[PDB]
Amino acid sequence: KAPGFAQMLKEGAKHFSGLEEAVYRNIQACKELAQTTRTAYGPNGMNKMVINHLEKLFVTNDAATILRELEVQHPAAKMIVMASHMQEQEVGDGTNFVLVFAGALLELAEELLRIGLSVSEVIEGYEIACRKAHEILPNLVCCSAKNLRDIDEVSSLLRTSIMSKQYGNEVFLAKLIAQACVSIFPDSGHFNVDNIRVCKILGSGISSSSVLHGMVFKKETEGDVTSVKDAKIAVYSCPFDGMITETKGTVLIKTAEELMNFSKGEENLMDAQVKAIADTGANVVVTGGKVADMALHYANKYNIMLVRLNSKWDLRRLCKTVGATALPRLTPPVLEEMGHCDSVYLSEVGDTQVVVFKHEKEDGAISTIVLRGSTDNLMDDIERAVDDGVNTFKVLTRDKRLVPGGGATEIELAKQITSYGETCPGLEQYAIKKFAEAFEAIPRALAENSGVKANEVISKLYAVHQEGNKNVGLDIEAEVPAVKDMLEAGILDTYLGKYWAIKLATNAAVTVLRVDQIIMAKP
Amino acid sequence: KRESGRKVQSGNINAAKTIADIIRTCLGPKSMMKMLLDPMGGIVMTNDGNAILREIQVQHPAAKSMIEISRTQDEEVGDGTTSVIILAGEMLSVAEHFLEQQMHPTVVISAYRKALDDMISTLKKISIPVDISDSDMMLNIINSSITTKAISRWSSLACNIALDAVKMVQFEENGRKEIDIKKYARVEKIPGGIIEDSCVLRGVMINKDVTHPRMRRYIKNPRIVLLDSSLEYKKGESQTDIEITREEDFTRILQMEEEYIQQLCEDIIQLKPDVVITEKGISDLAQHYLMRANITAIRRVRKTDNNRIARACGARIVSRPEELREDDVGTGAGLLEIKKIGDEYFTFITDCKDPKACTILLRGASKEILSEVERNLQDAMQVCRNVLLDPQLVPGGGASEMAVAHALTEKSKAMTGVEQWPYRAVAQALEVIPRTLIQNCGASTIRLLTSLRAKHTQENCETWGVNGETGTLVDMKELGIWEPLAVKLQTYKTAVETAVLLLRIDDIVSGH
Amino acid sequence: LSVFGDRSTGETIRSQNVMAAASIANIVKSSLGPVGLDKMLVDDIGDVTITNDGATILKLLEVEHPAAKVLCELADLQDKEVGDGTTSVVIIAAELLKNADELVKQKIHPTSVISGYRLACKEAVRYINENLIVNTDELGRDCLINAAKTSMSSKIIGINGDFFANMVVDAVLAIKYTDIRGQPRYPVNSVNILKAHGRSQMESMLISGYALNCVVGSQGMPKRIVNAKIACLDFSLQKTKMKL
Amino acid sequence: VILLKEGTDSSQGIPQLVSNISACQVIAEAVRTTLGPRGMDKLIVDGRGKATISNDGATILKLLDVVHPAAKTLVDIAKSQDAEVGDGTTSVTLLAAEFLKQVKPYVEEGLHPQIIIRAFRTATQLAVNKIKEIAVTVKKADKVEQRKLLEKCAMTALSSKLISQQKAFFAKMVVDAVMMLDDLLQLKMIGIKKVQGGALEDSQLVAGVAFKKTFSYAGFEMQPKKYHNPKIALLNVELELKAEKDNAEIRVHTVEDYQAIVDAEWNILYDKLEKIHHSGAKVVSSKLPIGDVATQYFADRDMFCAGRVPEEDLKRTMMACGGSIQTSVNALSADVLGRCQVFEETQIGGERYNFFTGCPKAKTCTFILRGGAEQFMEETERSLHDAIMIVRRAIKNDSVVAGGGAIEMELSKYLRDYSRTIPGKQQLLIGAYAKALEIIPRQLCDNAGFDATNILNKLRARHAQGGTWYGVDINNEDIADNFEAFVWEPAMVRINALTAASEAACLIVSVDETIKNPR
Amino acid sequence: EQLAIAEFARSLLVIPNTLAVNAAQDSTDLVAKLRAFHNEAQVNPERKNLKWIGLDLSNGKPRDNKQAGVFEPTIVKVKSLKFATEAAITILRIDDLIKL
Ligand SMILES: Nc1ncnc2c1ncn2[C@@H]1O[C@H](COP(=O)(O)OP(=O)(O)OP(=O)(O)O)[C@@H](O)[C@H]1O
Ligand SMILES: Nc1ncnc2c1ncn2[C@@H]1O[C@H](COP(=O)(O)OP(=O)(O)OP(=O)(O)O)[C@@H](O)[C@H]1O
Ligand SMILES: Nc1ncnc2c1ncn2[C@@H]1O[C@H](COP(=O)(O)OP(=O)(O)OP(=O)(O)O)[C@@H](O)[C@H]1O
Ligand SMILES: Nc1ncnc2c1ncn2[C@@H]1O[C@H](COP(=O)(O)OP(=O)(O)OP(=O)(O)O)[C@@H](O)[C@H]1O
């Protein structure tokens, strides 16, 4: 009826008017997404009480776990989540850097629109300041790596990735990842993140863990074969039991004399299926399902090493390692769906029998980090720290450039951008000045999580950078609000990880600010 | 009931921001009008900021404190009251440093009072001396208020009224150069005549009419007498009343009334005076013995107006009428005159010198024209007072605001500590005065204000102001938009003194 | 029951008495100290008085509650006893009630709280009097010069602190007189602080005597006299009158 | 119309922590009164309608199952307490919520939760080193044998009970039961059985496995009990003539096969009895009841049979005899048979009871109770289980500390004195950590019905003078030296309870936002 | 009466607590720096223990009152603790309310 809905004319979608500030609703959409991860940044950040959709409880503080479980529905806030998945590509750090800096970009952009600045002019000042931010970032590089492929160089530089993923394991996790990547580091240009597979066994704690070469499974060998150098690996996801035909196959039992005939016939058919693997020359059989007791007798008869893997995630790891495809039928004697491995043997680590899949005539790039833990909740948090620890050094196969962290490269970048924004004439000096103040929220998020007043830390950082004392970052202490040198403490992040993080967070401010209306459409 | 905490710190901010948002668009020569709705249906369309807030009732204690601090500022100087309430509302408007940063107000007050010292130091650097002896330079100062008025037809004669009034009140012998327009320059209105008839005389005028022709018309040597006691029936030390209802009481009272007044009137006519001036009233029978000596009767004069008469002639203030002596003489006065001006009688005790007092005589064709000149001349007298108090001008029209805000940015680069963040907020809050000038002109505000800051950075800060007529930026050395220094000194001082008072309030409680 | 009012007993009158008393402490919480914040005193007429002194706050604070009316009378027992201290009594006693209110919920009768408070108060005076300092160190040893220098730091006089602190230290020690049995106190009247234009603030001089701001007039009369007799009179040597 | 949550339950900030602190106290209130040996029991009924009466904190939290997220964090700590030390679920559940109660006003005033995390890691690390200094090793002190010392601690634990008059007899039996075991001590090895009737003096201690023997069928005047080396068979087969599972129904219309039909149904029973005769099992133990016909079979074949045995007592017999439980009868051979030296059918309490003595793997025992009621023997079983627990921990761990709140009031005094010498935010938090540790001597006075304020004010005055091992007494309504009264606890369980209560309190404080997925 | 005197000591801490929040400092650090210095005067009588430590609200750092000269009379300190406990006694003695 009269009066009609102003500007809402497309499928009843809520189109806010000019007084209702339709562009301001997208700013509040990315503000609520940034506020869930603002207090989660840093080593003093708070954990998140994760309740999964399969009714499983989790306590973790990873930035990727928050975005995957908290199902966002606002598509204006989905531009940063799609940019955070772009942050997961080509680097393994900066997922919180995208959510905080682009969230502080749009929060400072709302103060510019309240004066009366156009959205087409502010967005041109962000792309100007983004190109100016890409020039000072090579100039902020203090030191670089030594490129000697030793344990001491890797473990000293890995202390940044272990920080804020799992606090307290700074001395343990820095040496466990360091023993794995140095086996792939002679292979120049071949360091890959999928080569390092993580396995977890329920044990005592972190200090009982160890590093092994090749593919290591926690399940022991079901057979009595200890070591065999057979290349043919036939993986079967079906359980070892009686043969059920794909045809009709009606088995009739009436009296007890037919009970002993068909039970012996199932044992004879189980003997024929193990013999169907023995003629093709395959002495390595991995069983996906359960193994019967009579099938264990046929394993030691033909001297075939039988191992049982119940989990499907570890069975899929062998499909992309040796090329063996899991067959659902009861052991089909084919050769094309098999794998290739030089030697497989059974060994013990920490009084636990594990099976090793390594290669001696091939160079070898598969490594397995056997993790031990009492609780499965905290053990999964260390498992994600391995993936964010290896991907921290997967980018170091490129040009090794290191920048100081902890607000050292944040205030120094905010100082030189404001100097470029002060001398720049025209109305575009307002957007560059707010691009520098968006860089101050990340040391503000680091100081507020440590129980320290944020304005006292920022003025302490701007006093030492005005005198030229570079590489000064936040001192992690709730009682001491002072600062410390970052080159002496050992915090050095990646230059390429800081390059894509400012680039993707600025383009997230480009994509959201270009959208000023949301319309639902029917196909 | 009661309220404490951080809510009254935000409650006093929105109380002052609501007053500042009302009269924000009433700045400059393009000031927008405001419509007030009365309960009786009346509507006044006055755009004067002092007239808007006077006829608007407020209920907030912070909003009530906002009006009275500008009302006292209107009594000190006659210009700049609108710029006070605008600047006091803009300094408190950036509440991001007051609430979101969880900052105590003591950090803000230590940053605001430290910024107050940079207000006086910057205005003395962009100042310019004034040649006050030349009358052509004084005409270019007062002309900013005479435009769009009915007095603008006689600007050459109305400027001589205010300039001669401020120089007689100002005493160079005392050193501090005091000017008080309310006492020594009492303005009176006379109906009849024209605007050209209005001139300035060197004396004090009495608006008491002549009721009998037995008075002194033209006396070359006026013998004046001043007295404090009353001329009536003798009252006792008690609080009894006088009621005449019986014929026996009518004879006894009037015989005592005649015998005491004739005893009082014999002491003043023995010196052969010309005009009598009593502090209290004069009865009807007291004029009967006074008309036989042909003396002009002047009664009902205040004690404050009495000392202006004593400093005009040199007489002695005598407390009692029985204690008159020969020293109570007015030798040296010019002339005594009771000549009618437009069928109203006025007594003249003027002289040919400067007896530390003066008056302003206004004439006009109708009584509405009498009220038009007195509200324009009193606004013109306080502006020209600030020029003679200190001969220093500042570049007005937003040029002094951008020159001050430019000095605070370079000063904030060397100001370390936590207090540098509210120190930079005062520089952006002082930009609201050239911001509303472009918005009242109708041009693009941010397009012009950004180029305004670029002209204040590279070029000289004393030039490149805003013209509130065309809507563009002009040089302030070319046009006469110059403001006095003492007006702009007290404007930034009161805007800080308002912000130090509202931000320090942390509790509002009741109690009689 | 038919009575002439409403009756209420138990611990709910204990919790209502401490919430009405601690709310008065929040009126004098921020106004404590030399950096205390101002607070608005709204009158019934409509005007408001901006006071930050805590003694004038409790005098104008009118709360019609008997728990808050108890704290009104201690301001009259504070100025008549010594003259200072007033709001420090209020924040201490209200926090005494708030901690004792937690004891009522912890199954403690208030009789042990009352008898425990009087022994805690008497032992507080014992620990204070064992750690005092006698009134001395007037000359030669500073805790004075530096004592008045902190009060002088808020104004523009604090640029040269050592120059102006010596003018107030020797002036305080000059006005000392016992006058009763060896009391020595200091009078409410003090030195007369005059001003002049001596081209800078560094030309101040410590005159050991009273200075009158009057001019003698004529010059032929000599300005340096040696005799001791000083005449003071209030009647005018001018022409006198009976009454004004 | 475009929402970000659309049903997503999420909140953060300060009141999300206050909602998680107060939700932790509802789990502590479920086990607040169960602390102490004289604590109140809780009544929990399942979905079937069966009421469970127990005061153990491990059995209460396993049947609570609160769907709150912060309540689930106290469940796995009680699960890890059973694996780390073995018991102490009601001690770390009460101690975790009182850490959050004292810091609950400090969070609301604007203090960050991460500073309280740094204080809980500091004071607990000082509490580990403070326990090991006061802990004294008592192995051969004052030249007294350890058998006399183990009867002294069980005397105080069994005091103020039903058997408080005859506690001298019950203290000597709980020591010899653990002494009969190997070095691998376990509470599951020593079983407790109840026999109705008789006085308290008729309680006996079986060195082997004894069960209830509710077999009330026929079989008298034969089957001799005394056997030198019998073969212990553990079966699960029914040996009745007309059984509910073993029958034969063939429908023929010939009168010649009708004799063979009943004979074939008897041959199901007879061939199952003939396989036990070939295996040589002298004693027949079965879970299913045994009929009267099978009792006549072993009577002439010089063997014993006893059915209606519970499966819990059959597994204890398997661990004693060293054999294996076989369900069928054709697999019954010497690989699953057992052996013992003395087997006899006793008449204690008027009913028949069977027990083996002299097993090669005799690592299990049986305690026989006698009394006029089963609920008298039910509380005696739990009190004697508590008397075994104090004796067992004294043998494993020699370095012990004084219980009864003596180690809790001493840790509250040292951590208060350390907080006075530390400036910064660690003073008001560690000082609140010392006052939060006083809930163990306070709830011990609440559950015992004593004056909680009259004892605790005199207990802290005793610790201020120099008393390091003074605590509360469950018998007397005053304080006493728990080291002299043999109220002990090992230092390792007191350390592991503190690092579990501090870890459970740190996991609640470090959580600030709850993520819920709509599904 | 142990809890009566122990809560009397914590109730006296509101005087540096309100002074620390008016000095724009951290109240959990500035009050605790006062008690960290005053505890050392009672543990050992060595001169390395800081004694008579006052509160400088200007710089936000505790200093010695003997060097700064910050002194207060004894009769303003004695009668404050005397009047505040007698006022807290009278309100705590109220257990019933009667209105007419
Ligand atoms: N202990 C520390 N010292 C100095 N800087 C730190 C510390 N911890 C974190 N930072 C800063 O935090 C930023 C990265 O922190 P953080 O480890 O939280 O990111 P991240 O968790 O690795 O990202 P992702 O979620 O992708 O794993 C860097 O800029 C780094 O300088
Ligand atoms: N053409 C113009 N363009 C821009 N600014 C101008 C122009 N003419 C005058 N001004 C400036 O505008 C100012 C007047 O502003 P505003 O109206 O806010 O104060 P006001 O009402 O005159 O003050 P008061 O109430 O004290 O009289 C003058 O001081 C003058 O410097
Ligand atoms: N020189 C000083 N340095 C530091 N703190 C001071 C100094 N002088 C006073 N104080 C503090 O200021 C407080 C005094 O507050 P304020 O003067 O606002 O009210 P008050 O005097 O306590 O009220 P009342 O007059 O009833 O006693 C005292 O508690 C004292 O601790
Ligand atoms: N005989 C006793 N006399 C005095 N105090 C005792 C005695 N036995 C135990 N306590 C005290 O009771 C507390 C534990 O009570 P309770 O037995 O109810 O819990 P618990 O079962 O020991 O807990 P958990 O199973 O977690 O160890 C201990 O702190 C101990 O000091």
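cryo-EM is the method the PDB entry states for this structure, with the resolution given as 4.2 Å.

Per the PDB entry, chain E goes by T-complex protein 1 subunit alpha and derives from Homo sapiens.

Identification of chain B as T-complex protein 1 subunit gamma from Homo sapiens is taken from the PDB entry. For the record of chain B, the UniProt heading Catalytic activity holds the text "ATP + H2O = ADP + phosphate + H(+)".

(A) Fine view of empty space enclosed by the protein. In this structure, the largest cavity occupies an estimated 180 Å³ of space. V138(D), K139(D), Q146(D), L149(D), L150(D), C153(D), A394(D), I395(D), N397(D), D398(D), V400(D) and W488(D) are the residues that line the largest cavity. Only α8 (146–157) and α13 (374–396) of chain D provide two or more residues apiece to the lining of the largest cavity. Sorting elements by how many residues they give to the lining of the largest cavity places α8(D) first, with four residues. Residue composition of the lining of the largest cavity, by class: eight nonpolar, two polar and two charged. Space inside the second largest cavity adds up to approximately 130 Å³. Lining the second largest cavity we find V225(B), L226(B), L227(B), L231(B), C265(B), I268(B), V276(B), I277(B), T278(B), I282(B), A286(B) and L290(B). Contributions of two or more residues to the lining of the second largest cavity are made by β9 (224–227), α10 (247–268) and β10 (275–278) of chain B. Residues belonging to the lining of the second largest cavity are distributed by class as follows: 11 nonpolar, one polar and no charged.

(B) Fine view of the packing of aromatic side chains. A complete count under the given rule lists 26 aromatic pairs over all chains for this structure. Residues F163(C) and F164(C) carry aromatic rings whose centres are separated by 4.9 Å and whose planes lie at 80 degrees to one another, so their mutual orientation is edge-to-face. Taken together, a centroid distance of 4.6 Å and an interplanar angle of 25 degrees make the contact between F99(D) and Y433(D) stacked. Taken together, the residues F99(D) in helix α5 (residues 89–102) and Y433(D) in helix α15 (residues 426–436) connect sequence positions 334 residues apart. For the pair formed by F99(D) and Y433(D), the shared burial category is buried. The structure contains a cluster of three or more aromatic residues connected by ring pairs, namely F97(A), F101(A), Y126(A), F435(A) and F439(A).

(C) Highlighting the pattern of salt bridges. Enumeration according to the criterion identifies 83 salt bridges over all chains in this entry. Taking the shortest distance from any N to any O, the salt bridge between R186(B) and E188(B) comes out at 2.9 Å. According to the relative accessible area criterion, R186(B) is partly exposed, its value standing at 33%. When the shortest N-O distance is used, the salt bridge between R352(D) and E345(D) registers 2.8 Å. Using a relative accessible area of 37% as the deciding quantity, one classes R352(D) as partly exposed.

(D) Representation of the UniProt feature "binding site: ADP" in chain B within the structure. Residue and element names in this part refer to chain B. Here, the residues flagged by UniProt with the feature "binding site: ADP" are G28, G80, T81, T82, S83, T148, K149, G397, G468, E469, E483 and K488. These annotated residues cover 461 residues of sequence, and their C-alpha atoms sit far apart, with the largest distance between any two at 24.4 Å. Here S83 lies in helix α4 (residues 81–91). Taking the relative accessible area as the measure of exposure, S83 reaches 12% and is therefore buried. Along the chain, the position of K149 falls in the loop between α7 (135–146) and α8 (155–169). We classify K149 as partly exposed; its relative accessible area is 31%. Contact partners of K149, with chain neighbours within four places excluded, come to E372 and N376.

(E) Region of the structure containing the site of ligand 2. All names here are of chain B. In the neighbourhood of ligand 2, 17 residues make up the surrounding shell, with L27, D79, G80, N467 and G468 lying closest. The contact in question runs from an oxygen atom of ligand 2 to an N or O atom on the backbone of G397, over 3.2 Å. Within the side chain of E483, a nitrogen or oxygen atom sits 3.0 Å from an oxygen atom of ligand 2. Expressed as a share of its isolated accessible area of 650 Å², the protein-covered part of ligand 2 is 80%. Of the residues belonging to the shell around ligand 2, the class tally is six nonpolar, eight polar and three charged.

(F) Looking closely at the site of ligand 4. Residues and elements named next belong to chain D. Looking at ligand 4, there are 16 residues lining it, with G36, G88, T89, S91 and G404 nearest. A distance of 2.5 Å is found between an oxygen atom of ligand 4 and a side-chain nitrogen or oxygen belonging to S91. The contact in question runs from an oxygen atom of ligand 4 to an N or O atom on the side chain of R494, over 3.1 Å. Protein contact buries 78% of the 630 Å² of open area that ligand 4 shows by itself. Of all the secondary structure elements, the ones that give two or more residues to the shell around ligand 4 are α5 and α16 (439–447). Class assignment of the residues belonging to the shell around ligand 4 gives a composition of five nonpolar, nine polar and two charged.

(G) Region of the structure containing the side chain of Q87(A). Residue and element names in this part refer to chain A. Take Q87: it is sitting in helix α3 (residues 78–88). By relative accessible area, which is 1% here, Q87 ends up buried. Residues contacting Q87, with those up to four places away along its chain left out, are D93, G94, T95, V98, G497, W500, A501 and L504.

(H) Inspection of the side chain of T60(A) at higher detail. Residues and elements named next belong to chain A. In this fold, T60 is placed in strand β2 (residues 57–60). Of the residues examined, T60 reaches a relative accessible area of 8% and is grouped as buried. Beyond its immediate stretch of four places on either side in the chain, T60 contacts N47, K48, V50, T65 and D381.

(I) Here's a closer look at the state of the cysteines. Residues and elements named next belong to chain D. Under the counting rule described, the total for this entry stands at zero disulfides over all chains. The thiol of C365 is not disulfide-bonded; the next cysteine sulfur, from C359, is found 9.8 Å away. Residue classification places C365 among the buried positions, given a relative accessible area of 5%.

(J) Representation of helix α19 (residues 495–514) of chain A. For α19(A), built from 20 residues, the straight-helix expectation of 28 Å at 1.5 Å per residue is met to within 8% by its first-to-last C-alpha distance of 29 Å. In terms of residue burial, α19(A) counts as a mostly covered element, since 14 of its 20 residues are buried.

(K) Spotlight on the pairing of β10(B). All names here are of chain B. Neither face of β10 is left uncovered, since the one carrying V275 and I277 and the one carrying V276 and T278 both have all their residues buried. Strand direction decides the pairing type here: β9 and β10, joined by four bridges, are parallel. Opposite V225, over in β10, you have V276 as the bridge partner. In terms of handedness, the path from β9 via α10 over to β10 forms a crossover that is right-handed. Where β10 and strand β11 (residues 296–298) come together, three bridges link them in parallel fashion. Across the sheet, residue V276 finds its bridge partner in β11, namely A297.

(L) Structural context of the interface of chain C and chain E. At the interface, 61 residues of chain C touch 46 residues of chain E. Interface area, chain C with chain E, both sides summed: about 5,000 Å², of which 71% is carbon and sulfur. On the chain C side of the contact with chain E, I92(C), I114(C) and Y117(C) bury the most area, a combined 11% of that side's loss. Connecting chain C to chain E are three salt bridges. Of the charged contacts, one joins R10(E) and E102(C) as a salt bridge, the two residues approaching to 3.6 Å between their closest N and O atoms. If you list the elements that add at least two residues to the side of chain C that touches chain E, you get β1 (7–9), α1 (12–27), α3 (66–79), α4 (86–105), α5 (110–129) and α6 (145–151) of chain C.

(M) Structural detail: the sheet that holds strand β4 (residues 128–129) of chain B. Residues and elements named next belong to chain B. Strands sit in the order β4-β16-β19 across an open sheet of three strands; the sheet is antiparallel. On the outer flanks of this sheet lie β4 and β19 (482–484), each paired with one strand and no other. Bridge count between β4 and strand β16 (residues 392–395): two bridges; the pairing is antiparallel. What sits directly across from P129, in β16, is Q392. Against the sheet, helix α17 (residues 485–502) engages β16 and β19, with an angle of about 70 degrees to β19.

Rules of the game
Every chain's residues are listed with numbers counted from 1 in the order the sequence is written; these need not match the entry, and residues without coordinates are not shown. A letter from A marks each chain and a number from 1 marks each ligand, given out in the order of writing. Bear in mind that the chains are drawn from a larger assembly and that all values refer to what is shown. As a rule here, side-chain values cover all heavy atoms of the structure and leave hydrogens and water aside. UniProt positions are given in the numbering used here, feature names are shortened, and annotations may be inferred rather than shown by experiment. In this analysis the probe radius is 1.4 Å and the grid spacing 1 Å, with only protein atoms considered; a cavity is a set of points the probe fits into but cannot get out of, a pocket is an open set with protein on both sides within 12 Å along at least five of seven lines, and lining residues have an atom within 4 Å of a point. Grid points are joined across faces, edges and corners, and a volume is the space filled by probe spheres set on the points. Runs of H or I in DSSP of at least four residues are treated as helices and runs of E of at least two as strands, each being numbered from the N terminus. Residues are grouped as follows: nonpolar covers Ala, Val, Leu, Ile, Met, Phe, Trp, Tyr, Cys and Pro; charged covers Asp, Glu, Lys and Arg; every other residue, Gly included, is treated as polar. A pair of aromatic rings is counted whenever rings of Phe, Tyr or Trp (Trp by its six-membered ring) have centres within 6.5 Å, and the orientation is called stacked for planes under 30 degrees apart, edge-to-face for over 60 and tilted otherwise. Exposure categories follow from relative accessible area, calculated using a 1.4 Å probe and restricted to protein chains: below 20% of the type maximum is buried, above 50% is exposed, and the middle band is partly exposed. Here, a salt bridge means any side-chain nitrogen of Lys or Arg that lies within 4 Å of a carboxyl oxygen of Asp or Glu. When checking whether two residues touch, look at their non-hydrogen atoms; a contact exists if any pair is within 4.5 Å. Residue proximity to a molecule or strand is established when one non-hydrogen atom of the residue lies within 4 Å of it. Polar contacts here mean pairs of N or O atoms no more than 3.5 Å apart (in protein, one a potential hydrogen donor and the other a potential acceptor; neighbouring residues in sequence count only if both atoms are side-chain atoms). Calculation of accessible area relied on Shrake-Rupley with a 1.4 Å probe; when residues are assessed, cover is drawn exclusively from the protein chains displayed. Throughout, disulfides are identified as pairs of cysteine sulfur atoms within 2.5 Å of each other. Expected span of a helix, by definition, is 1.5 Å for each gap between consecutive residues, and there is one gap fewer than residues. A pair of strands counts as paired when DSSP detects no fewer than two bridges linking them. Handedness is read with the strands pointing away from the viewer; a crossover is right-handed when the path from the first strand over the helix to the second is clockwise. The term buried area means the drop in 1.4 Å probe accessible area that two parts suffer when joined, counted for both and summed. Only C-alpha atoms enter the line fits that serve as axes; for helices the fit covers just the stretch in contact. Angles between N-to-C directions range over 0 to 180 degrees.

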